[PDB]
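Residue numbers (the entry's author numbering): 1 to 152.
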């Protein structure tokens, strides 16, 4: 008969006024590869100024988020890896957070300058973006399988 495997899905990002968040609000810990199941977040600084971003979560001592404290120059994209402990698994109640605040003119991107900027920048200016985890379960188009994109 007819059968296949895998499907497809669109990719959207939270168009932030300062720092962009990728993906928007959908984390999928599991790549097509049978290697590691870590998600990589992308932050596109649309602004023309430095933006200090920070990654948080309800369980930072479970998920390895790095960088979790840094900045992203204007007109550049950063990469934030998110790998869970090498024992447990991706939960559902688990939630991630990403901060982004526009810095002054010339501001470094260290543990100091930041600690300072995060001290000067008001929480009102601090843009927080909470991400969600799309726990993978029962991979199939609701019973049986059916999917065949444009191949060749």
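Even for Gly, the Cβ is constructed at its ideal location relative to N, Cα and C.
* Is the stretch 109-119 close to the stretch 74-88, with three or more CB pairs under 8 Å? -> no
* Asked: Taking Cβ positions only, does residue 9 come closer than 8 Å to chain B?
  -> Checking the listed chains, one finds no chain B in this structure; it contains a single protein chain.
* Between residue 80 and residue 67, is the Cβ-Cβ spacing less than 8 Å? -> Here residue 80 is taken as the residue at index 80 of the chain shown, counted from 1. Here residue 67 is taken as the residue at index 67 of the chain shown, counted from 1. Closer than 8 Å, so yes.
* To do: May I ask you to list the residues that DSSP assigns as paired with residue 56?
  => Locating residue 56 in the chain shown gives position 56, where the first residue counts as 1. Answer by DSSP bridge pairing, in chain order: 97.
* Asked: Around the Cβ of residue 154, are there at least 16 other Cβ atoms within 10 angstroms (buried) or fewer (exposed)?
  -> Not covered by the structure: residue 154. The range shown for the chain is 1 to 152.
* Could you check which residue in 10, 7, 14, 6 has the C-alpha nearest to that of residue 98? => What you label residue 98 is simply residue 98 of the chain shown in a count that begins at 1. Ranking the options by Cα distance to residue 98, first place goes to 14.
* **residue 111, DSSP secondary structure in three states** => Position 111 of the chain shown, counting from 1, holds the residue named residue 111. The answer is helix: DSSP assigns residue 111 an H, G or I state.
* To do: With distances taken Cα to Cα, identify the nearest neighbour of residue 48 among 102, 137, 87, 128.
  => Mapped onto the chain shown, residue 48 falls at position 48. Residue 102 is the option with its Cα nearest to residue 48.
* Going by DSSP, what residues sit across from residue 28 in a beta bridge? -> Numbered from 1 along the chain shown, position 28 holds the residue referred to as residue 28. Note: residue 28 sits in no beta bridge, so no partner.
* Going straight from the alpha carbon of residue 55 to that of residue 117, what length do you get? -> Start at 1 with the first residue of the chain shown, and residue 55 comes out as number 55. Start at 1 with the first residue of the chain shown, and residue 117 comes out as number 117. In a straight line, the C-alpha of residue 55 is about 16 Å away from that of residue 117.
* Does the stretch 141-151 come close enough to the stretch 26-35 to have 3 or more Cβ pairs within less than 8 Å? -> Short answer: they don't touch.
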